[PDB]
$ cat target-v2.tsv   # TSV, C-alpha atoms and all ligand atoms
chain	number	residue	atom	x	y	z
A	1	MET	CA	-5.63	37.23	-114.80
A	2	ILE	CA	-8.56	38.53	-116.96
A	3	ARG	CA	-7.52	42.03	-118.30
A	4	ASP	CA	-9.89	44.90	-119.18
A	5	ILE	CA	-10.50	45.20	-122.98
A	6	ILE	CA	-10.37	48.85	-124.03
A	7	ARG	CA	-13.22	50.05	-126.31
A	8	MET	CA	-13.11	51.73	-129.73
A	9	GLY	CA	-12.42	55.38	-129.20
A	10	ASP	CA	-9.47	54.66	-126.89
A	11	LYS	CA	-6.47	56.25	-128.61
A	12	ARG	CA	-4.29	53.33	-127.48
A	13	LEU	CA	-6.05	51.21	-130.15
A	14	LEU	CA	-4.77	53.61	-132.82
A	15	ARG	CA	-0.97	53.09	-132.19
A	16	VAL	CA	1.44	51.20	-134.39
A	17	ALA	CA	2.75	48.53	-131.85
A	18	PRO	CA	6.50	47.75	-131.65
A	19	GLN	CA	7.83	44.17	-131.90
A	20	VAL	CA	7.95	41.65	-129.12
A	21	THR	CA	11.60	41.26	-128.06
A	22	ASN	CA	11.20	38.88	-125.04
A	23	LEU	CA	10.41	35.60	-126.71
A	24	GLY	CA	10.93	32.56	-124.36
A	25	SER	CA	10.56	34.86	-121.36
A	26	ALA	CA	8.38	34.30	-118.18
A	27	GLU	CA	6.96	37.82	-118.65
A	28	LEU	CA	5.76	37.08	-122.23
A	29	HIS	CA	4.34	33.66	-121.12
A	30	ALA	CA	2.31	35.40	-118.34
A	31	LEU	CA	1.03	38.03	-120.84
A	32	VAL	CA	0.00	35.35	-123.36
A	33	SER	CA	-1.80	33.36	-120.55
A	34	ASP	CA	-3.71	36.57	-119.54
A	35	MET	CA	-4.61	37.10	-123.21
A	36	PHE	CA	-6.02	33.62	-123.70
A	37	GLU	CA	-7.93	33.98	-120.39
A	38	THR	CA	-9.27	37.42	-121.36
A	39	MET	CA	-10.23	36.30	-124.89
A	40	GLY	CA	-12.05	33.27	-123.28
A	41	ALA	CA	-13.99	35.29	-120.76
A	42	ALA	CA	-15.18	37.61	-123.59
A	43	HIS	CA	-15.95	34.70	-125.92
A	44	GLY	CA	-13.58	36.06	-128.62
A	45	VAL	CA	-12.08	34.16	-131.47
A	46	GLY	CA	-9.03	36.50	-131.59
A	47	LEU	CA	-7.61	39.12	-129.28
A	48	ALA	CA	-4.74	41.55	-129.98
A	49	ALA	CA	-2.42	42.93	-127.19
A	50	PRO	CA	-3.34	46.56	-127.88
A	51	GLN	CA	-6.97	45.77	-126.90
A	52	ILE	CA	-5.71	45.12	-123.42
A	53	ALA	CA	-3.61	48.36	-123.63
A	54	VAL	CA	-0.37	46.35	-124.15
A	55	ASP	CA	1.56	48.02	-126.97
A	56	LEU	CA	3.13	44.94	-128.59
A	57	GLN	CA	2.86	42.95	-131.82
A	58	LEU	CA	1.10	40.00	-130.24
A	59	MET	CA	-2.26	38.26	-130.76
A	60	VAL	CA	-4.00	35.14	-129.65
A	61	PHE	CA	-6.71	33.34	-131.52
A	62	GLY	CA	-8.49	30.08	-132.34
A	63	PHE	CA	-11.26	27.82	-130.90
A	64	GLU	CA	-13.08	24.50	-131.30
A	65	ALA	CA	-16.66	25.88	-130.69
A	66	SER	CA	-17.49	29.67	-130.64
A	70	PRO	CA	-21.18	29.75	-136.61
A	71	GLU	CA	-17.75	28.63	-137.73
A	72	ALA	CA	-15.16	25.84	-138.60
A	73	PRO	CA	-12.74	23.95	-139.29
A	74	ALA	CA	-12.11	25.46	-135.78
A	75	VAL	CA	-8.70	27.31	-135.76
A	76	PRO	CA	-5.90	25.89	-133.51
A	77	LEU	CA	-5.33	28.03	-130.40
A	78	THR	CA	-2.32	30.11	-131.37
A	79	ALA	CA	-0.27	32.89	-129.83
A	80	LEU	CA	1.63	34.73	-132.51
A	81	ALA	CA	4.25	37.44	-132.02
A	82	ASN	CA	5.61	39.79	-134.71
A	83	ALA	CA	3.05	38.63	-137.26
A	84	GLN	CA	3.58	39.45	-140.98
A	85	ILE	CA	0.92	38.68	-143.52
A	86	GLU	CA	0.75	38.40	-147.26
A	87	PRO	CA	-2.01	37.56	-149.56
A	88	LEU	CA	-1.67	34.33	-151.59
A	89	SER	CA	-4.21	35.66	-154.19
A	90	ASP	CA	-6.06	38.92	-154.82
A	91	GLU	CA	-9.37	37.11	-154.25
A	92	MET	CA	-11.53	38.96	-151.56
A	93	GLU	CA	-14.38	37.46	-149.56
A	94	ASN	CA	-17.07	39.28	-147.50
A	95	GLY	CA	-17.94	37.97	-144.10
A	96	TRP	CA	-19.23	39.16	-140.69
A	97	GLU	CA	-16.82	40.71	-138.12
A	98	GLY	CA	-17.56	42.11	-134.67
A	99	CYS	CA	-14.96	43.35	-132.11
A	100	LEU	CA	-14.64	42.98	-128.34
A	101	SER	CA	-13.43	46.60	-128.37
A	102	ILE	CA	-16.67	47.39	-130.30
A	103	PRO	CA	-19.30	45.61	-128.23
A	104	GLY	CA	-22.66	44.83	-129.62
A	105	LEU	CA	-21.74	45.77	-133.24
A	106	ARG	CA	-20.86	43.98	-136.47
A	107	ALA	CA	-20.48	44.66	-140.24
A	108	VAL	CA	-19.65	42.74	-143.37
A	109	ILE	CA	-15.92	43.32	-144.20
A	110	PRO	CA	-13.99	42.18	-147.25
A	111	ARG	CA	-10.79	40.29	-146.47
A	112	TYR	CA	-8.31	38.28	-148.52
A	113	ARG	CA	-9.64	34.76	-148.76
A	114	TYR	CA	-6.07	33.25	-148.75
A	115	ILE	CA	-3.04	34.36	-146.83
A	116	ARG	CA	0.28	33.28	-145.40
A	117	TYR	CA	1.18	34.51	-141.92
A	118	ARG	CA	4.65	34.29	-140.24
A	119	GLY	CA	5.88	35.20	-136.76
A	120	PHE	CA	6.90	33.40	-133.56
A	121	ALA	CA	5.28	31.35	-130.89
A	122	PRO	CA	5.84	32.69	-127.40
A	123	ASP	CA	8.72	30.16	-126.85
A	124	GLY	CA	10.55	31.73	-129.83
A	125	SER	CA	9.95	28.91	-132.31
A	126	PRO	CA	8.91	30.22	-135.75
A	127	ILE	CA	5.34	29.84	-137.02
A	128	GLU	CA	4.44	30.03	-140.75
A	129	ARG	CA	1.13	28.91	-142.05
A	130	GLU	CA	-1.14	29.32	-145.02
A	131	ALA	CA	-4.77	29.99	-144.00
A	132	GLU	CA	-8.03	30.58	-145.81
A	133	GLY	CA	-11.56	31.76	-145.07
A	134	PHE	CA	-12.51	32.38	-141.41
A	135	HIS	CA	-9.01	31.44	-140.11
A	136	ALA	CA	-7.39	33.95	-142.44
A	137	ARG	CA	-10.04	36.62	-141.61
A	138	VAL	CA	-9.39	36.34	-137.89
A	139	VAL	CA	-5.66	36.81	-138.38
A	140	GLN	CA	-6.17	39.85	-140.69
A	141	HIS	CA	-8.57	41.43	-138.10
A	142	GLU	CA	-6.05	41.00	-135.25
A	143	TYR	CA	-3.12	42.10	-137.47
A	144	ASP	CA	-5.00	45.38	-138.20
A	145	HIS	CA	-5.13	46.03	-134.42
A	146	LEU	CA	-1.30	45.92	-134.32
A	147	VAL	CA	-1.14	48.77	-136.93
A	148	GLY	CA	-3.79	50.93	-135.18
A	149	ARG	CA	-6.65	50.02	-137.60
A	150	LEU	CA	-10.29	48.87	-136.60
A	151	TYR	CA	-12.87	47.23	-138.83
A	152	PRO	CA	-15.27	50.24	-139.40
A	153	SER	CA	-12.57	51.80	-141.58
A	154	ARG	CA	-12.79	48.67	-143.77
A	155	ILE	CA	-16.56	48.69	-144.30
A	156	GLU	CA	-17.70	49.19	-147.91
A	157	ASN	CA	-21.40	48.49	-147.53
A	158	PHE	CA	-22.74	50.51	-144.60
A	159	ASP	CA	-26.13	48.83	-144.89
A	160	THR	CA	-24.41	45.90	-143.09
A	161	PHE	CA	-23.13	47.85	-140.08
A	162	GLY	CA	-25.23	47.88	-136.91
A	163	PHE	CA	-26.00	46.22	-133.59
A	164	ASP	CA	-25.66	42.49	-133.42
A	165	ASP	CA	-29.04	41.97	-131.85
A	166	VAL	CA	-30.87	44.00	-134.55
A	167	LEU	CA	-29.11	43.21	-137.91
A	168	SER	CA	-31.18	41.12	-140.39
A	169	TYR	CA	-28.82	41.51	-143.46
A	170	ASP	CA	-28.28	38.43	-145.72
A	201	NA	NA	-2.93	55.48	-135.96

$ encode --input "target-v2.tsv" --output "structure tokens" --more "lines below"
Ligand code: NA
Amino acid sequence: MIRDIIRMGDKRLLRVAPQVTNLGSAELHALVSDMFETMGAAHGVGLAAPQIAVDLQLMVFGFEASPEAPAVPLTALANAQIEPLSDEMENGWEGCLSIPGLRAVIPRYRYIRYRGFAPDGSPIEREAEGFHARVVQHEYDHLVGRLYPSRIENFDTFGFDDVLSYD
């Protein structure tokens, strides 16, 4: 079932989510399925459970075709933990389905490792770089009640997607 995506300004996006504790369950499988369906209908590349008002450490992401590549594998990741693999930052465009019509340039770590669990309870640990790593950092911030405007450094880059002409 496609779920409503709540928009920036909803206080539910500002919560620190608790962990998923029903790995392998039918309930978590149904939630994940709704999340992939919801992310697909909105044409997202990532979606975090709090954006559908579900207070849990859970995200989905990935795609073949969306600008970007090597396309990230479709992944559902519970209880994600991230760490940078270098201090190197890279700027790149981010927009949010909870922030429709907008985007800004945001610095993110270029290289990370993320760990958590697939919805069947098997562990996931991967190194990622570039767009893949950016997506995961963006969704991870949702799970700690943080949205991308609070990461903007150059406000000349922030505006509506159909009007920005920043290089
Ligand atoms: Na908060």

$ atom_distance --input "target-v2.tsv" --atom1 "atom CA of residue 81 of chain A" --atom2 "atom CA of residue 121 of chain A"
6.3 Å

$ residues_near_ligand --input "target-v2.tsv" --ligand "ligand NA 201 (chain A)" --cutoff "9 Å" --atoms "only C-alpha atoms and all ligand atoms" --output "PyMOL selection string"
chain A and resi 11-16+147-149

$ residues_around --input "target-v2.tsv" --residues "residue 4 of chain A" --least-positions-apart "3" --cutoff "12 Å" --atoms "only C-alpha atoms" --output "PyMOL selection string"
chain A and resi 1+7+34-35+37-39+41-42+47+49-54+100-101

$ write_last_selection --input "target-v2.tsv" --atoms "C-alpha atoms" --output "mmCIF file, keeping the file's coordinate frame"
data_model
loop_
_atom_site.group_PDB
_atom_site.id
_atom_site.type_symbol
_atom_site.label_atom_id
_atom_site.label_comp_id
_atom_site.auth_asym_id
_atom_site.auth_seq_id
_atom_site.Cartn_x
_atom_site.Cartn_y
_atom_site.Cartn_z
ATOM 1 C CA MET A 1 -5.630 37.230 -114.800
ATOM 2 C CA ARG A 7 -13.220 50.050 -126.310
ATOM 3 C CA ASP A 34 -3.710 36.570 -119.540
ATOM 4 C CA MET A 35 -4.610 37.100 -123.210
ATOM 5 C CA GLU A 37 -7.930 33.980 -120.390
ATOM 6 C CA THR A 38 -9.270 37.420 -121.360
ATOM 7 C CA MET A 39 -10.230 36.300 -124.890
ATOM 8 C CA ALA A 41 -13.990 35.290 -120.760
ATOM 9 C CA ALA A 42 -15.180 37.610 -123.590
ATOM 10 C CA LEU A 47 -7.610 39.120 -129.280
ATOM 11 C CA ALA A 49 -2.420 42.930 -127.190
ATOM 12 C CA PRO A 50 -3.340 46.560 -127.880
ATOM 13 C CA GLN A 51 -6.970 45.770 -126.900
ATOM 14 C CA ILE A 52 -5.710 45.120 -123.420
ATOM 15 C CA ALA A 53 -3.610 48.360 -123.630
ATOM 16 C CA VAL A 54 -0.370 46.350 -124.150
ATOM 17 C CA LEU A 100 -14.640 42.980 -128.340
ATOM 18 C CA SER A 101 -13.430 46.600 -128.370
#

$ atom_distance --input "target-v2.tsv" --atom1 "atom CA of residue 111 of chain A" --atom2 "atom CA of residue 130 of chain A"
14.7 Å

$ closest_residue --input "target-v2.tsv" --among "A:97, A:74, A:122, A:162" --to "residue 25 of chain A" --atoms "all atoms listed in the file"
A:122

$ residues_around --input "target-v2.tsv" --residues "residue 131 of chain A" --least-positions-apart "5" --cutoff "6 Å" --atoms "all atoms listed in the file" --output "PyMOL selection string"
chain A and resi 114-115+136

$ atom_distance --input "target-v2.tsv" --atom1 "atom CA of residue 113 of chain A" --atom2 "atom CA of residue 60 of chain A"
19.9 Å

$ closest_residue --input "target-v2.tsv" --among "A:88, A:161, A:36, A:134" --to "residue 73 of chain A" --atoms "all atoms listed in the file"
A:134

$ closest_residue --input "target-v2.tsv" --among "A:62, A:18, A:24, A:98" --to "residue 150 of chain A" --atoms "only C-alpha atoms"
A:98

$ closest_residue --input "target-v2.tsv" --among "A:27, A:10, A:156, A:64" --to "residue 94 of chain A" --atoms "only C-alpha atoms"
A:156

$ closest_residue --input "target-v2.tsv" --among "A:124, A:46, A:103, A:9" --to "residue 137 of chain A" --atoms "all atoms listed in the file"
A:46

$ closest_residue --input "target-v2.tsv" --among "A:102, A:72, A:117, A:140" --to "residue 6 of chain A" --atoms "all atoms listed in the file"
A:102

$ axis_aligned_box --input "target-v2.tsv" --around "segment 151-166 of chain A" --padding-each-side "4 Å" --output "AutoDock Vina command-line options"
--center_x -21.7 --center_y 46.9 --center_z -139.9 --size_x 26.3 --size_y 17.8 --size_z 24.1
